[PDB]
Amino acid sequence: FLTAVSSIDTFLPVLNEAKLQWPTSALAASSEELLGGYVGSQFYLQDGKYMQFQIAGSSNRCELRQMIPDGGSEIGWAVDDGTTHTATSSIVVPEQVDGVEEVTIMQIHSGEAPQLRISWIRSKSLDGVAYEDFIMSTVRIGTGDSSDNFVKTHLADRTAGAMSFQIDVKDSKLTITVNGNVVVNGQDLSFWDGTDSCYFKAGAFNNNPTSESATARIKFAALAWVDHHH
Ligand SMILES: O=C(O)[C@H]1O[C@@H](O[C@H]2[C@H](O)[C@H](O)[C@H](O[C@H]3[C@H](O)[C@H](O)[C@H](O[C@H]4[C@H](O)[C@H](O)[C@H](O[C@H]5[C@H](O)[C@H](O)[C@H](O)O[C@@H]5C(=O)O)O[C@@H]4C(=O)O)O[C@@H]3C(=O)O)O[C@@H]2C(=O)O)[C@@H](O)[C@@H](O)[C@@H]1O
């Protein structure tokens with residue numbers, strides 16, 4: 001068998017507060033199964049150090065979903081509880097194979113919709129400007145499908161090396177920090193006030209591929225989910 005992610009220390013904290021959804025939103029592995037060596041080509045320890053996710057198919061996923069720690073059930077939190085909800089990661093996004101067009105690698109999601117997706121995308125025009133092979137944030141400020149429901153931002157061009165992300169939610173404001181630099185500062189999340197079902201996700205969620213067989217692949221050198229009280 002392939003080497004399991006839980007065979008080293010690095011990812012135990014997040015695995016203790018996650019379930020794995022694969023190849024759909026249906027459960028693939030509970031937190032205890034993840035901590036206890038769940039492994040396959042979709043989810044294995046790569047190069048002795050990376051938690052690697054792989055998935056093919058439109059809207060299929062191999063994704064961690066935030067859980068209450070220590071064997072608990074699904075978590076839900078609010079964007080304005082006065083704490084800071086923080087997701088940190090260090091991600092190697094390799095060159096994606098032909099047919100893969102957008103891969104969501106971190107999210108904030110609720111009972112109804114994704115508040116935030118951080119995704120790699122092959123090609124995209126944003127605000128009249130073309131970008132290629134880059135990392136994007138998509139924030140929902142509404143529940144509809146037209147442009148004004150979203151704020152989409154170029155976060156960084158994709159790099160060969162690891163790229164760090166920090167997602168902070170505090171007092172209905174979102175901050176995104178890439179390689180130590182604040183890119184998105186205080187994006188408003190007030191539309192979501194009253195929602196108590198938000199949670200973090202991370203991994204690989206395959207969006208709008210041109211081929212159903214093309215396999216997205218994303219490597220995490222680090223991932224953590226932490227609520228900071230103030
Ligand atoms: O490309 C465009 O045309 C526009 O796309 C806009 O972004 C899109 C994305 O491309 C994706 O389509 C994205 O997909 C969302 C999807 O709409 C749902 O919200 C889905 O929800 C699932 C949850 O992630 C979660 O896995 C949930 O799990 C439940 C479930 O009951 C399950 O059975 C289990 O037992 O318990 C779990 C639980 O843990 O809570 O299931 C949900 C499900 O219905 O399957 O999540 C995906 C997602 O992961 O984000 O939607 C966005 C969008 O914003 O609508 C945007 O880029 C726009 O600019 C483009 O024009």
Side-chain angles (χ1 to χ4, degrees), residues 11 13-22 24-31 34 53 59 61-89 91 102-119 135-145 148-153 155 164-178 182-207 218 220 222-230:
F11 305 98
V14 72
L15 297 180
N16 182 54
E17 54 173 343
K19 64 176 174 176
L20 188 74
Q21 300 174 306
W22 169 80
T24 67
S25 290
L27 174 66
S30 68
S31 177
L34 291 169
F53 303 84
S59 300
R61 70 192 74 233
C62 190
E63 261 192 313
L64 297 172
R65 191 286 202 212
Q66 189 187 2
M67 304 291 279
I68 293 169
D70 313 313
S73 51
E74 283 77 10
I75 203 168
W77 44 262
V79 301
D80 57 4
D81 63 19
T83 74
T84 302
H85 293 269
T86 300
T88 49
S89 66
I91 308 180
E102 175 176 16
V103 185
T104 297
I105 65 187
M106 300 177 80
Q107 309 194 62
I108 302 164
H109 203 290
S110 68
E112 291 181 35
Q115 287 68 46
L116 169 66
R117 300 186 304 100
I118 296 188
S119 63
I135 313 302
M136 181 168 64
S137 59
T138 299
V139 173
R140 273 187 170 278
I141 61 174
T143 53
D145 304 316
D148 71 354
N149 291 280
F150 307 97
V151 181
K152 295 168 85 77
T153 307
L155 295 177
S164 70
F165 299 88
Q166 185 171 323
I167 298 169
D168 294 311
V169 177
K170 181 188 179 58
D171 291 351
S172 309
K173 306 296 172 273
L174 169 67
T175 300
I176 304 175
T177 305
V178 179
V182 175
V183 181
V184 171
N185 193 26
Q187 162 70 54
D188 196 4
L189 294 177
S190 290
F191 177 81
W192 300 105
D193 286 2
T195 294
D196 195 40
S197 62
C198 293
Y199 54 93
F200 287 125
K201 312 190 87 193
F205 164 48
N206 192 29
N207 315 121
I218 304 293
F220 284 71
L223 179 64
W225 291 331
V226 177
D227 190 42
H228 297 278
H229 289 62
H230 302 274

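The analysis underlying the following values was restricted to heavy atoms, covering all of them including side chains, and did not include hydrogens, waters or symmetry mates. Sequence positions, counted from 1, serve as the residue numbers for this chain.
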Give the table of side-chain donor-acceptor pairs shorter than 3.5 Å for residues 111-118, with sequence neighbours excluded, one pair per line with atom names and distance.
from   : atom 1 : to     : atom 2 : distance (Å)
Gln115 : OE1    : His109 : N      : 3.4
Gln115 : OE1    : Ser110 : N      : 3.3
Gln115 : NE2    : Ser110 : OG     : 3.0
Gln115 : NE2    : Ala113 : O      : 3.3
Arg117 : NH1    : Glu102 : OE2    : 3.0
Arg117 : NH1    : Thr104 : OG1    : 2.7
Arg117 : NH2    : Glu102 : OE2    : 3.2

Legend entry - Pairing residues for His228 by the side chain to side chain contact (heavy atoms under 4.5 Å, CB included) criterion, not counting sequence neighbours: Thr84, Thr86, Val226, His230
Legend entry - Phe205/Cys62 under side-chain contact (heavy atoms from CB on, under 4.5 Å): CA gap, chis, key distance, verdict: CA-CA 6 Å; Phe205 164 48; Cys62 190; over 6 Å; no
Legend entry - Shortest non-hydrogen contact from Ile108 toward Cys198: CG2-CB, 4.2 Å
Legend entry - Atom pair CG/CG of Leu34 and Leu20 - distance to nearest 0.5 Å: 5.5 Å
Inset, instruction - Please confirm whether the backbone N or O of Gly82 pairs with a side-chain atom of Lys170, one donor and one acceptor, at under 3.5 Å? - result: yes
Inset, instruction - Looking only at non-hydrogen atoms, find the nearest pair between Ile141 and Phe150 and report the distance. - result: CG1-N, 4.1 Å
Inset, instruction - Working to the nearest 0.5 Å, report the span between NZ of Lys201 and OG of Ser25. - result: 5.0 Å
Inset, instruction - Check whether any side-chain heavy atom of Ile167 lies under 4.5 Å from a side-chain heavy atom of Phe200, and answer yes or no. - result: yes
Legend entry - Distance, nearest 0.5 Å, that separates OG1 of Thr83 from NE2 of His229: 6.0 Å
Inset, instruction - Quick one: list whatever passes salt bridge (charged side-chain N to carboxylate O under 4.0 Å, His left out) with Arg140, sequence neighbours left out. - result: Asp145
Inset, instruction - Might you point out which heavy atoms bring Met106 and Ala87 nearest each other, and give the distance in Å? - result: CE-CB, 3.7 Å
Inset, instruction - Answer whether the closest heavy-atom distance between the side chains of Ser190 and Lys173 falls below 4.5 Å. - result: yes
Inset, instruction - Measure across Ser172 and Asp188 and return the closest heavy-atom pair with its distance rounded to 0.1 Å. - result: O-OD1, 3.4 Å
Legend entry - Closest approach of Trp77 to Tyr199 (non-hydrogen atoms, all atoms of both residues): NE1-CA, 3.7 Å
Legend entry - Test item: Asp81 and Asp196 side chains (from C-beta on) under 4.5 Å apart, heavy atoms: no
Legend entry - CG-OG1 distance between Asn149 and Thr143, expressed to the nearest 0.5 angstrom: 6.5 Å
Legend entry - Interatomic spacing from CD1 in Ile218 to OG in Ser119 - rounded to 0.5 Å: 10.0 Å
Inset, instruction - To the nearest 0.5 angstrom, please state how far the CD1 atom of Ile91 sits from the CG atom of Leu223. - result: 7.5 Å
Legend entry - side-chain contact (heavy atoms from CB on, under 4.5 Å), paired with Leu174, selected from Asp168, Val79, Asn185, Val139: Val139
Inset, instruction - Kindly indicate whether the side chain of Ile135, heavy atoms from C-beta on, has any atom under 4.5 Å from the side chain of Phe165. - result: yes
Inset, instruction - Report the C-alpha distance between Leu64 and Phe53 in whole Å, list the side-chain angles of each, state the deciding distance to 0.1 Å, and finish with yes or no for side-chain contact (heavy atoms from CB on, under 4.5 Å). - result: CA-CA 10 Å; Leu64 297 172; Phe53 303 84; 3.9 Å; yes
Legend entry - Over all atoms of both residues, closest heavy-atom pair of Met67 and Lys19: CG-N, 3.4 Å
